[PDB]
Each structure stands twice: as C-alpha cells, then as structure tokens.
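So that we are looking at the same thing, I have put the structure below in structure tokens.
Which chain is which? They are A, B, C, D, E, F, G and H, in the order written, and residues in each are numbered from 1.
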Amino acid sequence: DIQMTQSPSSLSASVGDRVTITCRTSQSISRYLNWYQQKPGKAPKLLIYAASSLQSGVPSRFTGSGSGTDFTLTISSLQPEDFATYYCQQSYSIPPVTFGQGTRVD
Amino acid sequence: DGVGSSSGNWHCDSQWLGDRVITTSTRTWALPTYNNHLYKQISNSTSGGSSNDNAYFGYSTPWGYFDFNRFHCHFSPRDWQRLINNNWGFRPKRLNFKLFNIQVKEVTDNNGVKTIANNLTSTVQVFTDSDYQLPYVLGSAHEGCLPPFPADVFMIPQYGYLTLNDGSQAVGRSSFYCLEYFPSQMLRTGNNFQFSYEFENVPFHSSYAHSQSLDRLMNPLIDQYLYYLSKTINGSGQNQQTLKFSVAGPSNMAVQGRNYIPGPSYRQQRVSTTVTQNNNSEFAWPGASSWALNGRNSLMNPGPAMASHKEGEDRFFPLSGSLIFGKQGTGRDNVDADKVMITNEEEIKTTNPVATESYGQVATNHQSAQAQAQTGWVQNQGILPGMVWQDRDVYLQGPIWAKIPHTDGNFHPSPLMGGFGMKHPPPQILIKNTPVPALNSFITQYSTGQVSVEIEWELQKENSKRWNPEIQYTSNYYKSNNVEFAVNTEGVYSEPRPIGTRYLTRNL
Amino acid sequence: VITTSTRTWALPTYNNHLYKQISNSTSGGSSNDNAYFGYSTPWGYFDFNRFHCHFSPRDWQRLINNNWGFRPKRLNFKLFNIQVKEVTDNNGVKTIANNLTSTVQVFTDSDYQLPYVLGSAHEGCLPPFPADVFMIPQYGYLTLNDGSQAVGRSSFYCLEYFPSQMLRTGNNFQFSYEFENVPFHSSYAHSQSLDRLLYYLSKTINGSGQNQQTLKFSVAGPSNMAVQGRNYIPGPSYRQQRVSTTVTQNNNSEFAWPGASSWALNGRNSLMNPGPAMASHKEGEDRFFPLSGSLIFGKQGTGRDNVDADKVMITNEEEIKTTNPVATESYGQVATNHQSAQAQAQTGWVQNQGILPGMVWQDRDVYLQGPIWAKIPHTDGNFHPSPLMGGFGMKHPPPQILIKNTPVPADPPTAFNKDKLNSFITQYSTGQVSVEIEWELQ
Amino acid sequence: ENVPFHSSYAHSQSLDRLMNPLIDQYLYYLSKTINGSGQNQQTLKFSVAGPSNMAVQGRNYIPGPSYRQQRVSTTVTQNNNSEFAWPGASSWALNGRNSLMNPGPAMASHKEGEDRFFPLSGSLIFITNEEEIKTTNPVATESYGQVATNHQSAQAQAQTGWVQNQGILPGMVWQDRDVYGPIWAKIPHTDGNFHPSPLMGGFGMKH
Amino acid sequence: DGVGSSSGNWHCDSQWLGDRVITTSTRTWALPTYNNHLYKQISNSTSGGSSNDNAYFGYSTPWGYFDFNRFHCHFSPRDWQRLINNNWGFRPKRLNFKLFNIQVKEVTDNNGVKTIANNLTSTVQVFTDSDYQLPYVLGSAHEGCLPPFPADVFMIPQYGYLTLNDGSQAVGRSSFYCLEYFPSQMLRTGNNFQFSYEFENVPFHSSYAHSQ
Amino acid sequence: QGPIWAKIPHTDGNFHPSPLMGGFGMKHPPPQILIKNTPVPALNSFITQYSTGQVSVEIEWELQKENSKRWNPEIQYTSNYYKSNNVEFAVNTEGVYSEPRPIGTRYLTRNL
Amino acid sequence: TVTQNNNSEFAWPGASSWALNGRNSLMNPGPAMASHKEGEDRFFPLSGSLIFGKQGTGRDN
Amino acid sequence: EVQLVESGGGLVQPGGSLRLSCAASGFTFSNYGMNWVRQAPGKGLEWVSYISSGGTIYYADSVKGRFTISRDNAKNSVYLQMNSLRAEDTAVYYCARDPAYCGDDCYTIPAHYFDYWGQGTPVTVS
C-alpha cells in the first residue's frame, strides 16, 4: 500500500497569498496523483487529476506539478472561498487507492 | 470535353431499398509528385536495418493509389447504426468508381515567394490492375484511405512493394515491376475516368451474437440415455478400485455427450488494463505469441479469432489478439493506453475459446496400479472435425476485404483482421502525374480531383421470434461538450469509439 | 427401404400451463461448470431421433449385412385419433371422463426459430417396441448465463407466439419433410490399413567409437515397411485416458473427473465426450476403453446413479483402427531440437494433433440404440460437420414438433377480476403417432 | 477426373512481406510494458505499426501447418555422434505400430542461407530440397512459433513455449510438394479427408 | 359444424412487410355469468355516496365485452422495439376479429364437492355494435383487456354504463339500454364468429423527438 | 402499456380531437363486442354455467419510414447487457410475466 | 424526494381541475405538456402524466 | 446534472449488518464504475470498495470478507452490504463515480480517481 505524506499538515495564509502544498509517496506512482479539497461537512470535490491536469468547472488558480515521488499543489491568488482541507490520492497502485492524511488551510 | 465544363457531379448518400443498401461517397484528393518521377530501390539497411525480423527489400514507385477499403469510407455513423441494429448480415455486391474534375497545377519558387497556377495541357495517368499482376498492398490495413468525414481533403498515398530478400540483399527470384509497362488512360482537365466492378460471391458477414453457448445446447429438463464414469473408487483405503456409471443429466451438465466442440485456439499472453497488476518486466515482444517463417519471427496479430476475456473479466486483454485503433490526435510512438481504443471480441465466447486460456486438457500417459492419471494443458489446438467458430468482427473503422493469397491450398480464407476474403478483390487503382520536363529537371507540379465510389450491399434481415427486446447501439442521452461523431470547435472530426457489428442475437 | 412406426402417446399438463425461469440456483447446485439459466415450457415435443424407433432388430440386421451405406431421404409424420381426458378427484378416488370439446395444439418449427434440443441424445423418443405406450417429454431450453444469472443478451421465447393448429377429437395433423443431401453413412470396416497399402537414412554412425558419424542410405522395400514413403496419414487425435475393465489394474484413486480430457469455453470446463472419432483400443487389448471416448448405453432396468459395469453397455470403435489413431495413444513423435556434435536428437510425444493436409479418417459408427441426425450450429465456419455422437449432420434437420393441451379454466368468479386464471380443469390427452422415413441404400 | 493444376512457380513474395513498405498501418501494437529502470515502473505504451517495425504488424494470413523434422547436416562432423535414424525420427503410430513420417507435410527443407541441412525424412531421396516454398510454408526443422504458457502477474513473469507441431488454423495458406517422381495417387475411400493432394507429390484422385 | 371438430386455429405473430406491419394475437378467455342474468340499477348511494363529485347513476348488465385497446395486446416487446427504433410514424388500417372453439360448462355443487362437465347444447350470444348505439366504454383506459403475454388466460370484464344523474337519483332524460334488444348471433360449441373492420383515416402518431 | 384509440364524443364541435391519454381519436372506432351466456333455466332459478373459448384479433399497421440525413447516431431503445436475476420482459421462477418499465415511442429525431 | 414537498395534504386541494354542472373533475392527464424542465428529473406534474402499476402492485396507497 | 444520493446508515450494534444504497441520476449509470469511500469522524479519507461496469470488484484489506458490493442497473443503484460491523466501521460513507468509459466494443482504462460524489451517510456502530 503506497503511503502518502502531505508535508505542511497545517497552513496559515491570507487572501491573495500564494499557497503551496506538496506530498511525497514511498514508491513511485508515475504521473498518477489526484487532488481533492473538502470543506467541513461537505463531500470532497476533485480539483486536479493525473498530477498536472485540471478538472472541468474548477477555478484556474489551482495548479499541479510533479512526477514519481514528488507532487505539488499550488493555490494562486487565494480567495475567501478556498479555505479547506486538501487531499492527495494516487490512482497508480490499485487496489487499493490511497489518500494523504490531509492539509488544512487557515 | 472542355476546360470550362465540369466532368462530374458530387454524389454522397445512402439509399436503403429493401434487402439492399447503396452507399455513395465523394471526396476531394490531392496527388503530389513522388520520388521526383523515379523508381528507387529501398531496403532496411538504408534505414540501418538493426533487426533481422525487420529486414526487407523492395521498391518505391512514383505512382499513387486510391484506397477505399475501410468501412467509414462508405458509411456514416447513422447508416452504420441503421445497419447493425436491424440486420443479421451483409456483404458487398457491385462497385462503381469515378474519377473526375481533374486539375493540374504548377509550382514556381521565385526567391521566397511560391506561386501556383493552372497547367491546362498537363495529364494524369490512371489505370486499374484487373489481372492482379502487381503486388497487392490494399489488404494490409494501411493508412491513406478516403477520410471518414466527407468534408476532408486527403492526400493520395505512395505505392510501393516488397519482394524476396536475404537480409537487405535481393535474391535471383526477386521481381521488379515497372508500372509504366501497363497501359493506362491519360487525362487532361476535361477528361474523366470510371470503371465498374462485381464482387465475387462471399458469405454474409454475421452481424449477430449467439444467444446460446456451445455447451448449453441441451434440454435442461431431460436426462440423456448416455452414461459416464462417475467413480473409480468406493472410498478411502487400499484396493478400493471400482467402476461406477451414472446418467448424464440436468444435474451434471459438464459431462454430457456433445456433438460439436469449440473452435481452434492459439494462446495469447494476458495483459491487464490496471498497470500494477502486470509484471514488472519488459514482456511486450519477449512474451508474445509469434510465428516463424524462413527464420524471421513475426508477431501473431491479431491471429485466430478468439474471445478476448472470460465473462466478468473486463480488464484483461490479449497482448496481440485485438485490433487497436488510435483516437483522433494520437501520436505515433509510445502513447498511453487512454490514447488508443482496444476492441474486445467478447461476443464470440459462446463458440470460441478464450484467447488467454488453454483450449483444454489431454491425457499424457497410461494410468496403472503404479501410475496416477496425468494430464497436460493444450496451449494451441488446430482444427478437429466437429468444431464450430465465429470469425472476427468488423468495425466502422476496420478493413472491408482482403486478397486471398494465390496458393495451392488454404483453409477458411476469411481474413484474420476481419472482413471478406476474395480471390479477385476490388482491383488496385494506380495514379501519377505525367512528368513535364523543364532528363532529371522537371516542372514542379501536382494535381487535385474529386473521387466518388459507389457500393451496393446486400442485407440479411432479422427473422427472430425472441420475445424480449434486443441490445442495440445507441447514443448517450445526457449532456456533453461535444456531439459524438461530429466536429469540435476547431473543426476536427473525431470517431469517439470503435463500433462493432454484433448486437442482434441468434440461436446457436 | 421405407420404414414406418406407429405408437401411442400420453401427454400430461406440464408446469400447470406456465413458463418458468429455471437455473442451477433453483436446483441449488453451486458449481460453475454446471451452472445454467433457461426456461421450462408447458409444451411437449415428439422425438423420433433414435434408430430403433424406425428399425426392428431384424430390419437392422437386414440393413447392415447387405449394404455399404444408407441415408435418409424423405419423412412423413401423422398425428391422429386424439383423445382428451379430464380427471376429477372427488374425495378419495379420481374419475376419468372424456372431454369432447377440448383441443390439443401442435406446430412444427420449420423456420428453425426455437432452440433446437433434439441433438442432445435425450430420453423421450418413441420406444423401440411398437406396443409400448410412452410419455411425451417436456420442452425446455437454455440461454446465456453468468452463474445462475441471465445477461442482457439472453432470450426468452413464448411458444404461444407461433401459429399452431388446434385439434379436437376428430381432427388430425400431418406434414412431410425432405432431408437435405447428406453423405451415405459408411457401414463397413476397411479390410486394409493405412500404413500397409526412394531412399531413407539407415545409419548415422559406422560403429562404436569417436568421430564415427556417417550418412548411409538404403532402399525402402518390403523388408522394412515402417520407413517407406506414404501419400496419406491417419486422422486427428485428442488423447483420452485409458481405463481397464478389470478394476485391479486401474490406479487406486478418483481420476474420473480429474483425469478427464476436456475443453474450456468461457471459463467452464466440459468433458470431451465422446470427442473426435478414434479407435477404442489397440489390437489385442479388449479390456481397455477410453475414459469419455465411447458411447455407453444402459441395459433394460439399469438404475440412474452409480451402477456397476455389468449394468451398462460400453461400445467400442475398434473397427476404425485402420484409418484412425487409438484414442488412448499418442499420435506420434516430433523433433524437439536441433542435433549437433554437442546435442543428441530429442523427441516428444504428440498428445493432440489437428488436421494436416493428407489425412484421412472414419467417422463414428451408428447404433440401433443411437441417434440419427443432429443440427449443425449456425456459425461462420465448421469443419466436417458430421456430429461427434454419430449420425448425419444437417443445417435444416427435421423440424421440432411441439404439442400441448389447451388450458381449460375452471369456473371464474362472478365479479370481474383482472388477474390471470390460476384455476384449471385437470386434463390430459392421448393418441397415435406414425412416422414414415424413406431410406436410400448404397 | 477434374483436379487442380499443379503449381510450377515459386512465389516472389513472402507471406510476412505483403505490406506496402512506404505507409503506416492504422493499427497499434503494445511497444512497452515498463517505463524503464527498476521497481514499480509498469506502463502500457502503444505505437503505430509501420515500415520501421514490420514484425509487429497485423496480418490477414499465416503460414501453413508444421510437424517438425530432425535436422541432419551433410557435413558428417557436424552431426551428433550417435545413432538417431530411428530413435530421433518423427513418426506416427497406428494400431500400436509406428510408421516413419515420410515425406510428411510439405515444408521448407531449410532456412535461407543454410543449404547444408535437410529434414531427416522430410525430402524425397532418389536428396531433393523444397526450399522454393519457404515463402508460405514453415521450415521443416524449425518450430512453428511460440505461444504463451501462463497468465503473467505482478508475481509471475510471462512464459512462452515452442510449438513443435501445428495443425490447420483458419487463415492459413500453404504450397503443396513439388513434382519431379510420382504423378497421381488414389485418395483412400473414407468418411473424410482434408486437402487430399498426396504427400509424395502429384494429383490425388478418388479414381 | 361438429362437437369433435375445431372451429379455428391459433394465430400469433407479426409480419413485417415493407411499410406495413400485421400483428396477430390469440388468447384464451373465460366468461362467467354476471348479475345472475339480471340488469341492475347501480348508483353511488348503494355504496354510500359520500361525495358529490363522485355521484353517479347507471346500470350493470349481464353481458361481457372484449377489449383489445392496449398496445401490448398486439405487440411483443421486441416488435415494439423494432417499431420505435426504425419508424417515424404508424397508424392502424384494418382490423380482423375471430371468436372460436367455444366451450360451455355446467357447475354442480353436491355437498362440498363441485363438479364441472360439458353442456353441449348451450349457446353463447355475441354481437358487435357497429351503429354505435350503446354507450361506448372502451376509451376510458379500463382494465380487462387481453393479457400482454400470450400464455395467460383472462377473464372477460362485465359491461356497464352510466347515464345522467342528479345526486344518486335519475332525471327524465336518463336512458336505459336493454342489450337483448340488439340482434345477436348465437353460438354452440361448433360455431364461430368473425368480423372485419376498417379504421377510418387518422394521422400518423408521431414517434420521434424534435432535434430543434 | 397505453391505450390505442378513443371515441371522439358526438358533438357540435371539437378542437384537435386527438385523445388526451394518447392514441388515435376516431368518430367510428373499433366497435364494441358484447358477449354473454344464454340463461338456462333449472324464472329466477338457473343452471350454474360458464363458458370459455379462444379469441383472435389481427390489426394491419401502416408505417412511416425514417428519411433522416443526420450524420451522428440516434438514441435507440436497448436492453442492458449487465447480468441480472431475471430477463426483462420475461417470466420469473414462479411463472409471472412482468413489464419492468413503460416504453414510449419517441427515439428517432426530426427537424422542427 | 419527499422532504422537498410541503408538509401538508395537497393531493386534492392543490390539484388542477375542471368543473362540469357543479362537479369537480381532476384534470388528468390534461393538455400535453413537458413534464419537467431540462435538468430537473425529480419533479412531476401532480396529475399531468400517466402512471402505471408494476406487476403485483396493490390497489390502494 | 450528475447526482449521487445515498441512503441507509444510522445506528447498528456491533456484529450487526447494514445495507447502503446509492441512487444515481444525470448520467448513464451502467457505463461507469462506482466506489465507496468513507471518512471516520475526525479522520482522513479512506477507500472501501469498487465495482466496474463489467463487474470487476475490489475491496480494501481492512474491509475484505465482510462487506460486499453490488449494483443494479435497472434501479441505477450501487449497494454496499456491510456484515459483521465493528466500531472502526463508524464513518461517513460516500459514493463516488469513476469517470472512465470508452464504450461497448472496447476496453475502458479505469481512471481510479473520483469526479462526482454523494453527500454521504453516517454509519454509527455502538
């Protein structure tokens, strides 16, 4: 089971700031990394799939980059709307899909 | 007839008449000059020839050729739906070909600016090989066929052929063909060309899936009058040998006597769609089923017609068993699995063995008091009397016909990539621009024209007494950014998925 | 020869005039190999597909002694003297009375639109003895399944959706059928053998020692007949395990299913039975028989389950050993390598062999108790369509003949109710069937 | 009686070269199963089958059937120093008696470039060679090809096996044996036969 | 014609010919005796009539009737699929009706055990109203039509009708219909009944969805 | 499952008489077919009696064929391939016939 | 989805009807109208469409 | 648009059994693979089980042998039958769609990333 660790477990930021979240995996998962945000009580929504791509219907500010063991999610021009927990999951080794512990943005 | 008079009209449509379909397609083509009007010997060592399995020898010619041998040339996606949902079978009958509105251009490069103008006195040469005296390259599933979407303008492919070789060198038996040594009709901008062809009798392609399986043909309510060997021992111990016999009946259906057995198999390696499940080694060529000819290994592709996977195992696919098509805009080399469309023939599982499974088991010895019964797996099985099988399916993107090689013998000549095998298929149609000398110096020149092909198809209507409704091919009901089988915002036409012909059902 | 058989039949009411989904689930047998899905129908059907229906043991003797071959030509079928009985159980005992106005429905499937079950060698044929009265078997069919479940490609047939002829007690039914041209069944044993109908390599070494390699060639002649060149080779083989009629000789283990030769289709294993036509045993061994490779008939009164070897009749194919390989033997040997100064010639046994150009073979023999015809499945291709249990394979075999008692309801309620009627009069029918086949002789 | 004309020509093309060398196929093949390097590098990469790689292209027809012969060199020092004429012979058993397979199914006597080898019982010896048919027919001394013997998995590597004999498959073509030799043969009187043309060459006839 | 001779055969199938479809359905029916051979005035107050919107007045009759007015009577699910996927419109043209193999039974209750036997001399009365003089109840989406599956045996529904009312009472304009006052063909177990009908010209039903 | 025809009420006027539950409105629809058992007196006392018979109906339908020039494929009515306990529009194990869903007639398309 | 509906009995009170000679009849199914807007599949007209029973469905409630 | 709404859930005694359903609308349900994932209260996301269009089924190790996943395409529903529930099974279970779908005649390449989810249902084992 691939283990995933998002580095800044908690993050504090203000509107307009550049936020950067990264996770690392124990074994290479190639380019298969997916990012989710979850607001408290809501169901999570897919933001970025396949490491660097972007899901339809989601703001352009979100970006992703990485391969192998290092992937990064970078929120640009942070707004009031996107303070949430963010999760990174890998669709490479299946079964089972694994998820990151979670990172909070304040 | 004249420079200012059109030599033909635009015909595209389908006429559904009773048991027949008549499809007509008209395209606009552009023919360049190939090889600067030269025949050139080609071989592998020119490209470096690093592998003996890839070694070839042959010739490239200045001529081009017209290829209509894919189904989406003749059928819109709606006409293909109208075909496969309502019909148990089809096959071609007549062919009618026309080449018209010829236009020859001349190209001049003066400093940086090119300039193109009409050359009204230039000719185009065209002939068909109706005695089949040239090497026949149309049954190899090559690119360069008329585009599926009628508004696309396509480039005519260059004709070439291969002959015998040893390494990259030739042998005494190798043949050379000058295509100028064929009489050919010459055309100026007012001339047109046409010919008609009669398909030779072929069996109807079966566009249906069986509603029964080869091993379930029995009446489930009634015993057989045959007996089978149920027990070789009475129980645990020594010297328990016995012979017991039971009626083969509804309760044990595996042991019943059967009149017919599934068709032949040549086993394929099994590859999984989910990548981690596959072995961590390079087995694409090493673990592949192949056949050897004169010391060269050729991959077995797609091979004998076999079911792609067992019931309930969608992820697995035979390594070279299925036809794989590219999606619109897919690269040439090392594209990902989501850039290709892997067709799966799971509908032939009823009569055909699974491609990735053994055909069965045989006994490998004589049992005795000192020897247990031993069995072994049949990895490949040739034809046995009493076998039945289905051929491979045809697709909207797939080939139509192949030429049956001219040989002493063949068995079930139906071609392995799908379609109709023929000893005299539609003939090759060769075309070139006649060289105009400015002798190795010529006027830079190309031509353009409209080509229309009409084919008459015979239909086999569905007679079924089935009570419940069939499976049908259908478009998706819900919203999406684009319409499937339409253009996008940039004007690119795409075929979203491969479409097979087998929806309606029959009894086995 | 023109054979004619008349019998008397009794037709019950099957499934209380209902179509019913059946599967291994309803039966309760879990195994994947035996899983099935299908339907049982209220209809019965006539089956004359065994030879002893049309032949007396004398006629069969008269046929096989004097003739090299035979094959059916025409068919004629009649159904007459229909009698419909009603059964009324009042308290203890039941009374049977004629119902004059009741009907019996019959039709032939002459477009071959129903599943064809007459090629599976089933009970319920016309009995071999003309004074026997037989029960008509129930019609049912199987469809595609996954486990005990149907898939979307599974089909359901309502036989009521076929036009049928309705017969009261005075009406009769008949039709005639033309067999399609089929090859004469061979009913003879070849006197000669395939191998007993130019140079060869005699010696690869001069003698014992080192560097003795040589090539010597000798004439092929009557002295050594194994090495002579031949134009034809024996037919295909798929090996069967060998079993002995003397139980002591056989291994002390349960190898009946484990040791069986079979074929896999969509993940389910089926026994290879009887399989390709092969010789039952070598010359001189009558105690060995192939495991699944022969037809096995029950003797009169033999039980259904686990009966000893003296209760069953095991046929043997030894007649065809001239052109066909033995079922329990390998086909031959092949070279597995390239010999060299460093490597000895290696060989391996051919356990199964498909068709090769130049093969000749014999089909399986037909028996007085055995089947006559089968339906060739409707497919893109087939090879030597002759059925593996014996007989004449046909794409348009004699059609199925389906028959049921027309349901007669009991008294309905006095106020309207939209439900279908589940209350019917207990009823059955009986009558006569005659089937005439014209045979051509060689 | 009516019989097929004996072919007295050698194919100028081989069954695996029938393609147009200048053009790609519209079909793809599986080029790579691993990205490269070491652990956890599984992928599926596909490429167009084209002139650069002619082995992996899809083909409509395949070579004829084979029953392998042991290979014997005309140079005696090359051959194994043992008696293998009978022991290392390809044979077929009938009723418990072994017949040598002679001459056997029609196959190419040797690969292109090796003229010093011949099938043990493959060619008629008055030593003729069938090399003309190497275009549509497999070599007599070679395997027909390879088949997979297992399901690969993350645990199990892909395994192949050599096909020593191969019966008829749909889509095979082949050439019969050449005539030099006999003319006609009688087809045995049987329920069935396949491609009755006799194996020593010439015209098969039911009469 | 006779007691032991069938008066008709079983016809079920569809024939797809060009621009036409011919569907044939055959069912087995059972007709009881309704109202003990009586005409009976019915209204709401017999059932208690608590609501004025539900108030009715009319008559129930001993007669039954045949209703084939639903589509699954004439079409299997496969024939319906074959219709709707390939065609922009359809409409009926001709109608052909047959009633045959009549069987009349008699029921006797002796102590607890019932006994049923044939009554060969009994008749069944059948007529069609082709002048449309009776109240027409077939266009009210009622139950009692031939079953969709051909192997089902169905019960014939009881005919009844409504006329004018005020509350549960009648008015002077209300009409009463005796269905015996119609000539009707009488049938014993050897007789059969048939008639043919020509649909009047109607527009095609539009079986398509607009794409704009 | 729906109705086929209705009878257009006999009135001075109507507008677009097509019936509101669906189907074909007609001034002279298929006529009613009335049936009863003739009373057999044992007069209020009778023999308890019922009848049973076979009924057959045949309709000829005229079709309007689809002429469309649409390039892409239509929506069609289809069965679902995936495995299930029962076949849709078939009997179950107890022999009961069911119609799983209501099926409309509108799949093919036209221009407005 | 029943919790989206008002918490009251409106089957008869809120229904569209027509009156004839002082008797109210429900308007069923009524003029032919689209059942719902594009994108809303969970709403249906109160008496707007034809409702069929499944096999074995009871008579009441 | 695409909607997933799951029902079931609520209190169950340890060792008990519960059946979660997920009703889908706005897309053709039979074309897509469906997933159950669960989030424990005050805990991270965790994947439970998968079923594809053609019936490939996966389970997580912690859950295997106990829960069973199935789908009914006539009702547009995916079911999770949870047996032998334990106090670690307390979570909010979500239904998530897998976007991958090529067609009837070709293999689909499973994406194993979830574009659309349910609102969740709580399951409390006590």
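One rule holds in what follows: a contact is a pair of C-beta atoms (placed from the backbone, for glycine too) under 8 Å apart; a residue touches a chain by one contact, two chains touch by 3 or more.
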| item | value |
| --- | --- |
| Shortest walk length in steps over touching chains, subunit E through to subunit H | 2 |
| Comparison of B-C and E-G by number of C-beta pairs in contact, larger one | B-C |
| Chain centre separation in whole Å, for subunit F relative to subunit E (CA means) | 13 |
| Whole-Å gap between the CA centroids of subunit C and subunit F | 44 |
| Subunit B and subunit G: spacing of chain centres that average the CA atoms, whole Å | 55 |
| Length of the line joining the C-alpha centres of subunit F and subunit H, rounded to whole Å | 41 |
| Residues of subunit H engaged with two or more neighbouring chains | 1, 26, 53-55, 104, 110, 112 |
| Sequence positions of subunit G contacting 2 or more other chains | none |
| Set of subunit A residues in contact with two or more other chains | 93-94 |
| Footprint of subunit B on subunit E - complex, ascending | 18, 76-78, 80-82, 85-86 |
| Contact footprint of subunit C on subunit D as seen in their complex | 64-65, 67-72, 74, 76-85, 87-103, 105-106, 120-121, 124-126, 141, 162, 164-170, 174, 176, 185, 187-200, 204 |
| Complex contact set, residues of subunit G against subunit E | 22-25 |
| Contact set on subunit B toward subunit E in their complex | 18, 85-86, 464, 466-470, 472 |
| Residues on subunit C engaged by subunit F in the complex (per definition of touch) | 15-16, 18-22, 26, 39, 143, 146-147, 149-156, 166, 406, 408-409, 411-412 |
